[PDB]
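Just follow the structure's listing: the first ligand is 1, and inside any ligand the first atom is 1. Because only heavy atoms are used, hydrogens play no part in the values below, and waters and symmetry mates are left out as well, while side chains stay in. Just so we're on the same page: letters track the sequence lines, and every chain starts at 1.
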Amino acid sequence: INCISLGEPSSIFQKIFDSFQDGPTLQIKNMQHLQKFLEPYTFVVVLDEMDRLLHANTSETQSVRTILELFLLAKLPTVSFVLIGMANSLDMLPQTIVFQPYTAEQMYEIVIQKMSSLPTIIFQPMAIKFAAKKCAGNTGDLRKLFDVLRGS
Amino acid sequence: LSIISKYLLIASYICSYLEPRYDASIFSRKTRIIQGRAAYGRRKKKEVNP
Amino acid sequence: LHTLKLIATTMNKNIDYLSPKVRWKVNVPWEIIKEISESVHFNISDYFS
Amino acid sequence: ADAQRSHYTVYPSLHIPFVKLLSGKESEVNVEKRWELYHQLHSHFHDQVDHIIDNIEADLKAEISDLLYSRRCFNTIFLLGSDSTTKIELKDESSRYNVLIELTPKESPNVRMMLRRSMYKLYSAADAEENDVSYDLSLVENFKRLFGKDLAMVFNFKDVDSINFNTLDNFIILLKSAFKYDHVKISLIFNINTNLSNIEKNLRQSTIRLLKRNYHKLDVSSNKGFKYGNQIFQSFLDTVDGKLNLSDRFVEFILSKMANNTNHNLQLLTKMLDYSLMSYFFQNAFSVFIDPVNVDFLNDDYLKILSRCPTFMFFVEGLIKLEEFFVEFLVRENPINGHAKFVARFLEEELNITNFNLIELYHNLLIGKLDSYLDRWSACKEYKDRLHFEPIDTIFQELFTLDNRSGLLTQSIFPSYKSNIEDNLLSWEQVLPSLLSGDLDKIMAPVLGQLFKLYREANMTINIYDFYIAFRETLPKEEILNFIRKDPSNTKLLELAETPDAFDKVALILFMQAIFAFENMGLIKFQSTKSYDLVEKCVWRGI
Amino acid sequence: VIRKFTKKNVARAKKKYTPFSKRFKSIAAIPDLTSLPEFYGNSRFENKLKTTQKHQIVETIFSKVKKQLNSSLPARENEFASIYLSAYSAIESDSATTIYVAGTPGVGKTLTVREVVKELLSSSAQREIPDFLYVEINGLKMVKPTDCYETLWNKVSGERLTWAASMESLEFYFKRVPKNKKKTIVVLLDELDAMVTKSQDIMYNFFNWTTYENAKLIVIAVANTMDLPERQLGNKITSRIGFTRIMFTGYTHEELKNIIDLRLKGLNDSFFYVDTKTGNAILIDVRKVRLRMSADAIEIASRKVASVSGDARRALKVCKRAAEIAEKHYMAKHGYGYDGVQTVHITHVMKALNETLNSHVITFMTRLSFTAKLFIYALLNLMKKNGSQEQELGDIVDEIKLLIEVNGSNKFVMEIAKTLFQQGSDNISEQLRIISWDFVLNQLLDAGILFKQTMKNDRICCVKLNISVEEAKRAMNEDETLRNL
DNA sequence: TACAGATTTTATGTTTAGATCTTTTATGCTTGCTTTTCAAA
DNA sequence: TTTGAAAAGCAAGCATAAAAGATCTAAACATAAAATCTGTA
Ligand SMILES: Nc1ncnc2c1ncn2[C@@H]1O[C@H](COP(=O)(O)OP(=O)(O)OP(=O)(O)O)[C@@H](O)[C@H]1O
Ligand SMILES: [Mg+2]
């Protein structure tokens, strides 16, 4: 579930139900209903853009209301729920995994592996390494390197 | 109002209209085993009628 | 006394009584507290002399 | 973990609370019969108490109605000493509509909302008794054009002392504009908790002149003339008549605690009497013997615990200078309650005296100072010899007596709450019992109680590091590390204990957990929003 | 039932709530949407505003010049080539892409994008590229910012849905529908800063659909500012928009000349049959009249506009205003009505340029009454006395009283003191404010010369100059009386 | 299918409860000088 | 009976907490037309 294409954050539990439902349609407005639906059964939900679950203008404690419910039910006994939440650090207990920004050698590897399907590589390789070195750094965004080579 | 409520109101009026650093110069009436001096009080009275 | 509005706080709505940052004041006139002090025969006017 | 949740429901896995007395040698049927005796006495008390509650609510409704129904002004009623829980019902006027509009201070944030709630209530009630309109005072103007009959509005302002008097004044002046309509009658009811002058100093002088044209004061409090507290105390005395005695110290405790509550006296009196009845029937083994059926179930423990009476002490000392004797003295009635009934009836009927407290009268009759209590009236000088009673002393009265010597009523109903917290924290021997960590328990105090003594001897602003240094000096460095090395199954603890600053680190951890425990309790506060370097003490012992 | 309030003016559109993901039983059941009658677009009011003339109106020689200079591409060729190459490569490879374009007003962004998509539609008409659907969404022409969701889906499917259902439908259409059942869509997002809400969900969704593999979507985003994503957008949206951004610079004066002379190709240095009875001119009693615009007049207009903004609208409006001034001078001397050689030379262009640049503010305070100027003079004196840029109104009252009572030897003050404090009556008592005190205060507030604070105490309420102090003193020095004292 | 009623969805208005920021005013710290009771002679 | 001397009192200046309120927002409360869902028929 991409969480930006959602009306309110508090409907995410309902959004978890509509993925896993054939059947009856229940009203889920809290953690408790989704818990008691998932108690008599495993279930893996990938939540892209976790930052959209934050409630704006509602003080520091009550802003993280839905995320505490999700990450608390994600650890509760005798329920079967794995919750994978990806987010972005520049725009914002569970196990934390960090995707570090790409380096120039990794960008070279990605670029030649993507260009492998073509009959030939139209770039010189010092050009690709220069583009990778000029695009990497504290913001190793692969989109920027793709844009630079496309603009070339 | 009761006996406690009237005296609580009286004490609230005293707290609101007297400065706290003159408190030990008025109500302090217990004797001492350790050496010590109470507050002397106001050296000159103000003319503002608080 | 806080319910009867004879004592007020700085906060008037959503006031928590238990915070140490909450201060207290009397709101009665001098004549009302004089009537109260003379109803229990307390001599409050000595304290302002 | 549900302890990290805000709220959670539990469905747990799965015959009287009365316990076995006489050092665990009571009969089981004595316990059950005590339970039924408490139930019948408690029921006999509360039937009278709820009848009295119904009577006071009905009389107040009748008196308010007689004031409300007895030209171009309000009919104003000031209910002095009102707690705003009185139901007001109106009369059903032929070819007129009568509506009651209730307004709390929460429903009164400004004049607009006050008028809008009043007109919604008026329109809803009128259409309920008989198209949308705008909820303003033109509905009052066009009332007879829609509904065909005239209007009587009774405004009941609850908690005026809590209302904004500017908003109330503007709402009254707004309602004054409705006097220009021939079909409108407006009554105002002001429930006042303190007095009339405190609210006349808060309104405008023009508003006072407006309200003075047709107004009635009516002083109706719970503690008015003792007509209702004496009825509840008489109901209790009729309940415990012929079985139980009231000590004079218990009655003076009732008087002292009733003097400290003004708005809610009768619930406090019922609560105190109920808890004393509970304590007697839970504690005393002779509660079975308050009725003459159970005279055939006395044993050696009963004779052991009835022989230790100071009245029995004086009686056998006078006889010098058992079961049959104990059974023989149940037939007596102790007519002090009947004498108090007769004195109250005489004072209410023959002498036309209603302002008296039966609890004070019973207290003076128990002491033996009924004449000195009656001296306040200067009308019983001719009848003091008729109205006087000598207090008869009854053998074995201590085993049938409601009293407070143990401090049980004081600890249960009106405790010195903060003083108990302070006394426990300073002492802690009277809380923690004396008996792995046995070597450290003899030397080191509990951390909160140890820190509280340094708190007590420190000044009003304490430096937190010097407070820590003093707490570190109070602790022994050898035995603390010995007790932390006594467990060999904790590898990180054994690693930390061999480091030379382990005593300081352990002392700091215990000190900081105690410091934020004190912060949550409210003993200390921090003099910043970002610093943690000086604390202020907020609590002094003995206050 | 009795209602607490009423909503008697609710007008609700007929839009369904069911999204496109539920329209078919499965992904494999979705047909070819290109072969669907209502998909991809496969003017009912234009007869309302017509009437019969019943008159033959006069079109003078300058009228054709003024119609040729209206806003309704010699200088945009590199930007055209870049936008065209990116959109062409994205169309004929079935790729999804974002082309970002920014610029100051009137530099030809919308015109270049529209000509690019016109030439692309001409290319797809002759089967050089696959056929696509062109959609325009202008963020300033939406009532609600979510209505773009309603618009684009209605342009794609023909359905009328509500906005959350429309955006769910668009998400399903771009993400899940296969490419062989779809068509390419080119979306022009004009006035992108108007599509920025508090939560940037619309911007994220529109630029995140372009990062979907199946979408076949090209978004041309037109913005005011080069660094609008860096100023107002999150890092995810700034990453999705891209690093390659196209700047539309303001025009130089040679290009503004090229634009203006492209507007004046068919009538500049040309002859007209003028018909001097009425002045109604016909392009080839009646005279053959040459019409010209001075090349140096276009030079100075283009140079001034190119230095100030580079706006093509501003240059065209300057030349049109010059033609209007020349036409007014022409019709004044003949009385032609509306029913040799005439030249739009340098001075008409200079009068058109300077009429936007001369300030009425000093001219406005020059022609005020004595009491308003006395207010301004006292405010300036208080501002120089206590150094504050904010003065209490009671101080201004006392300063006006002091200036009247100190300069009591001035003849004008002698003549005007009785008017100012008694309205010349000797039946009106002496007043604490001057006559027209509240009038001139409110007048200076409506003009925007003054700012006043919202306090109900009149004496301690403060007043500020909203205009320059140098302009105020230059206005105050023009008066004969106030420059003396 | 098929129509009538029930429920939901989307949409907007009404009122209360609370957060955030800003400006003005109390409050306490620091330091130097002056009054006043007090432990000792 | 005195006597210096330290505890206590007062003022100027300034940094800073707190109060009051201006401005705004979320959420509870409230209504309502169109779409959608049952649900027998
Ligand atoms: N290169 C050009 N050649 C001819 N006319 C031009 C040129 N550029 C602009 N114009 C004229 O100026 C008008 C304004 O151009 P356009 O609408 O494209 O501006 P824009 O850059 O989108 O500005 P804005 O940000 O104000 O929307 C055009 O309608 C056209 O009449
Ligand atoms: Mg444009």
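The distance criterion of under 3.5 Å between nitrogen or oxygen atoms is met by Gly106(E) with respect to ligand 1. An N or O contact shorter than 3.5 Å links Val107(E) to ligand 1 by distance. Considering backbone and side-chain N/O of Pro105(E), none are found under 3.5 Å from N/O of ligand 1. Of the polar atoms of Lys109(E), at least one N or O is found under 3.5 Å from an N or O of ligand 1, judged by distance alone. An N or O contact shorter than 3.5 Å links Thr110(E) to ligand 1 by distance. Checked against a 3.5 angstrom limit, the closest N/O atoms of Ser72(E) and ligand 1 fall outside it.
Relative to the six-membered ring of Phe271(E), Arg287(E) misses at least one condition, a distance below 6.0 Å or an angle of at most 45° to the axis. A cation-pi arrangement is absent between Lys288(E) and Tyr273(E) under the rule of less than 6.0 angstrom and at most 45 degrees off the ring axis.
With a 4.0 Å cut-off on non-hydrogen atoms, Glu191(E) touches ligand 1 through its side chain and not its backbone. Neither the backbone nor the side chain of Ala75(E) comes within 4.0 Å of ligand 1, counting heavy atoms alone.
Considering only non-hydrogen atoms, atom 4 (C) of ligand 1 lies nearest to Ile259(E) out of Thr104(E), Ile259(E), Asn258(E), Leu69(E). Within the set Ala312(E), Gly310(E), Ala223(E), the minimum heavy-atom distance to atom 9 (C) of ligand 1 is found for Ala312(E).
For the pair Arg114(E) and ligand 1, no heavy-atom separation below 4.0 Å is found. At a 4.0 Å cut-off, at least one heavy atom of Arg263(E) sits close enough to ligand 1 to count as contact. Distances from ligand 1 to the non-hydrogen atoms of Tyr251(E) include at least one value under 4.0 Å.
Ionic pairing of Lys64(E) and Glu59(E) is not present here: no N-O contact between side-chain nitrogen and carboxylate oxygen is shorter than 4.0 angstrom. Salt bridge status for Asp147(E) with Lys144(E): absent, with no side-chain N to carboxylate O gap under 4.0 Å.
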